[PDB]
Amino acid sequence: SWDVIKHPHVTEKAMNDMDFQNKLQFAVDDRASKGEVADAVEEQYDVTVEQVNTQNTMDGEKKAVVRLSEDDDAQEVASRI
Amino acid sequence: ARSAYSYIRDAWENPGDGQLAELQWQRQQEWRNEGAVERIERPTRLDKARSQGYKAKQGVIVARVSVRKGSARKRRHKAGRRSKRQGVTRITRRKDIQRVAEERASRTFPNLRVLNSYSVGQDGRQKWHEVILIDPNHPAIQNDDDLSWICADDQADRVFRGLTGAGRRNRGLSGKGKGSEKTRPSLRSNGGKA
Amino acid sequence: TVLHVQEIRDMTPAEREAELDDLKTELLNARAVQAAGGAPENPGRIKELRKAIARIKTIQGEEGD
Amino acid sequence: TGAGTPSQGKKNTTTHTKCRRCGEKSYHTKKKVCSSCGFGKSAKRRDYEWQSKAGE
Amino acid sequence: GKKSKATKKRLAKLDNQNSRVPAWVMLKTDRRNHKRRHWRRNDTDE
Amino acid sequence: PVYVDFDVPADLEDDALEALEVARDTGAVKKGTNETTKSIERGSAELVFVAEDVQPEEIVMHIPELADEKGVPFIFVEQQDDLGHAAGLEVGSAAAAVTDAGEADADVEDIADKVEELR
RNA sequence: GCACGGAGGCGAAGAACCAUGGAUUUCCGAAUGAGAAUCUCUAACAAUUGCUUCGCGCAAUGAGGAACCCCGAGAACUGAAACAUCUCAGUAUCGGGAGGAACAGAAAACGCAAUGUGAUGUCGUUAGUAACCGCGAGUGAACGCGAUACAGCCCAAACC
RNA sequence: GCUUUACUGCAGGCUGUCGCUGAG
Ligand SMILES: [Cl-]
Ligand SMILES: [Cl-]
Ligand SMILES: [K+]
Ligand SMILES: [Mg+2]
Ligand SMILES: [Mg+2]
Ligand SMILES: [Mg+2]
Ligand SMILES: [Mg+2]
Ligand SMILES: [Mg+2]
Ligand SMILES: [Mg+2]
Ligand SMILES: [Mg+2]
Ligand SMILES: [Mg+2]
Ligand SMILES: [Mg+2]
Ligand SMILES: [Mg+2]
Ligand code: NA
Ligand code: NA
Ligand code: NA
Ligand code: NA
Ligand code: NA
Ligand code: NA
Ligand code: NA
Ligand code: NA
Ligand code: NA
Ligand code: NA
Ligand code: NA
């Protein structure tokens, strides 16, 4: 069975969202909905997801911009992996 | 003594006389309102059905099929043709109506296989035939020594390949001698000349 | 390699699922490091992590979990 | 108006497209029928004996 | 135009097939991309 | 219907079927059109029954005249499964024949008489 | 792996490799819950059938395959030094369908007429013979014989 | 390709007959 999260989409823009808006960006399975992305992220990193934006990239994969709650620190979550 | 069956048979030797005559005059009225293929609980001619392999048993089915009377329904040529091939009105098909009926029935019951068929009359514009079909997958038949032959894989779609009795006579295979030079073993192996 | 078939067959249905999740995670993080261009790789592992996960799922199948 | 070059300018309509069944760019999206494999018209795959020499 | 999810995936794929043979493959075989499609000089499906 | 040339009153049919039941327990009965036919042909038939709800009618059409030229008495019965049940069958029967009644010969004889009069 | 790089890894816990068997096996596809250019919308044998506990409960069909095979539909160029019947040809092509082979098959046969043969295919021959035909051009068997292989049976009905 | 009271045919239309079709 397919998994929701593939890997962290780490790029300059991705960093900016992390340092400035507390967002983590992931490469997810395009069959995955925002809700499924939200859960997976919470269950894998023990955090609370506030908002999820998606995009079906020209790389054939789906990209998700997941925003964390004030309680969580994107920089710190991303930094442990 | 005479079997009761011999009376059904005997009546159908003259479908235009006596009781059978009045019966037909009545039935066709209902038949003309039925479909092209109507499954029926009982053969209109028991003696005939049973004579052809019928049996009051699970997996044995009967269906009356209606087919139009006459020559081929043909479209006139739309390109060059020598006189010989410009015909339309007098052209008749090489498959007899009874065979057409047997095919329409089998298609209606994709899982069944045609066993045989017989005529049950006609009016001025159509002929009716009753077709006996068999369920090759029902154990009632698979365990019947007089019918399980029709269960074999090589009997699949037997009607569409002319393996039916009507199919074989129509193929000119009745005679074992003179006249069947171009029919047996098959019309095709003989270059389609019969 | 590091994880053989016997060791996998000796585990309990619950130890497999646990061992499974662990591997998946090791893998996910391996891929995350790769995505970040993290050179501290070891091509053999990220590859063995896939086979290890295959062997486990294979055994969970044979065993009935 | 010339039937040549000048009439080629109006050609921005999409008809034949990648077919879901055979993969050929022959699925007519207006007719919803593949000119290559017959998809949308026939359950059986489109094929003709004239696609090759008679004795072959 | 308006591309669907599937079309987009196909375009994405074509763009990737449009990459060059990695330098290492040249060394690994001791020595062309027979599928170099240009957006202008070439035409894609659909 | 085409073979039915006279109507048998319900009450008569009742007595008739009743007689047939005792006939099978006391004397002997023939169940089935083929077996009924041979009775009429072999003359060993005392009384024969014929259902009116037979389809196709061919199965029975002959019973009437065949009986008439054999001097065998026959009676009609609306239902088909009643005749079969009354004959002792778990199924219906298009025709039945009382091959020598029993403890009902008087009744049978009378039933026959009633029908003759019923023409 | 082809594929001879770089880094790294696996193998005596016997890897690679090979054989058999098993696991996994996305989406579209006969494609079957419904729709759709391989995606989507809210439990599905869709459709047609058989049996039927009359409930999709138990089953069947659908599509493919190099050609071969069987059943239907059926040209024209061409030849005849024109051309119409004839010929090309029951060919090309089209519709339907089976199998590993099909089809045929145990005489209402043959008819070297017999005091004779003895299911059926096929091969060799009979023979370009008999037969057809603007009796033109053309067309064209069979019985028998020598072989191959061999195998004969089941119903309906009578009487139960 | 086209034409027509060219040759030969083929659709189509009209008309008789048979079947469907029966009572006085
Ligand atoms: Cl069939
Ligand atoms: Cl001889
Ligand atoms: K010609
Ligand atoms: Mg969006
Ligand atoms: Mg053959
Ligand atoms: Mg033009
Ligand atoms: Mg690029
Ligand atoms: Mg679907
Ligand atoms: Mg010529
Ligand atoms: Mg001449
Ligand atoms: Mg010829
Ligand atoms: Mg001969
Ligand atoms: Mg027997
Ligand atoms: Na990726
Ligand atoms: Na069928
Ligand atoms: Na012929
Ligand atoms: Na272009
Ligand atoms: Na596989
Ligand atoms: Na099914
Ligand atoms: Na059902
Ligand atoms: Na010439
Ligand atoms: Na000429
Ligand atoms: Na001629
Ligand atoms: Na001789």
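Within every chain, numbering begins at 1; the chains are lettered A, B, ... in the order of the sequence lines, protein sequences first and strands thereafter. Computed from heavy atoms alone, side chains included, the values below leave out hydrogens, waters and symmetry copies.
From the dihedral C1'-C2'-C3'-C4', which is positive here, one reads the pucker of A114(G) as north, toward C3'-endo. Evaluation of the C1'-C2'-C3'-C4' torsion of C88(G) gives a positive value and hence a north sugar. Residue note: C83(G) shows a north-type sugar, the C1'-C2'-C3'-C4' torsion being above zero.
Side-chain contact of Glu102(B) with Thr164(B): a donor-acceptor pair under 3.5 Å is present, judged by distance alone.
A donor-acceptor pair under 3.5 Å links the side-chain atoms of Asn143(B) to the main chain of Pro139(B), judged by distance alone. When atom types are taken as modelled, the side chain of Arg46(D) and the backbone of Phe39(D) share no donor-acceptor pair closer than 3.5 angstrom. In terms of modelled atom types and a separation under 3.5 Å, the side chain of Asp123(B) and the main chain of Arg125(B) share a donor-acceptor contact. Between the side chain of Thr36(F) and the backbone N or O of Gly32(F), at least one donor-acceptor pair lies under 3.5 Å. One N or O on the side chain of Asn190(B) and one on the backbone of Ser186(B) form a donor-acceptor pair closer than 3.5 Å.
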A correct dot-bracket answer for RNA chain G, with pairs being Watson-Crick or G-U at under 3.5 Å, [ ] for crossing pairs and | for inter-strand pairs, is ................................(((...)))(.)..(((((.....)))))......((((((.....(...[..)......))))).).........((.....))...(((((.....((.]...))....)))))............
Reading RNA chain H 5' to 3', what string of ( ), [ ], | and . shows its pairs, if Watson-Crick and G-U wobble pairs count only when both distances fall under 3.5 Å?
-> ........................
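Separating the CZ atom of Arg85(B) from the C1' atom of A11(H) is a distance of 18 Å, rounded to the nearest angstrom.
Annotated as syn: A12(G), whose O4'-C1'-N torsion sits within 90° of 0. Because its glycosidic torsion is within 90° of 0, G62(G) is reported here as syn.
You can see that RNA chain G meets the heavy atoms of chain E within a 4.0 Å-exclusive cut from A3(G) to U40(G), reading 5' to 3'.
In this model, no side-chain donor or acceptor of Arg125(B) finds a partner on the base of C20(H) within 3.5 Å.
Between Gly61(C) and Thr14(D), the one whose closest nucleotide on RNA chain G sits nearer the 5' end is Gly61(C).
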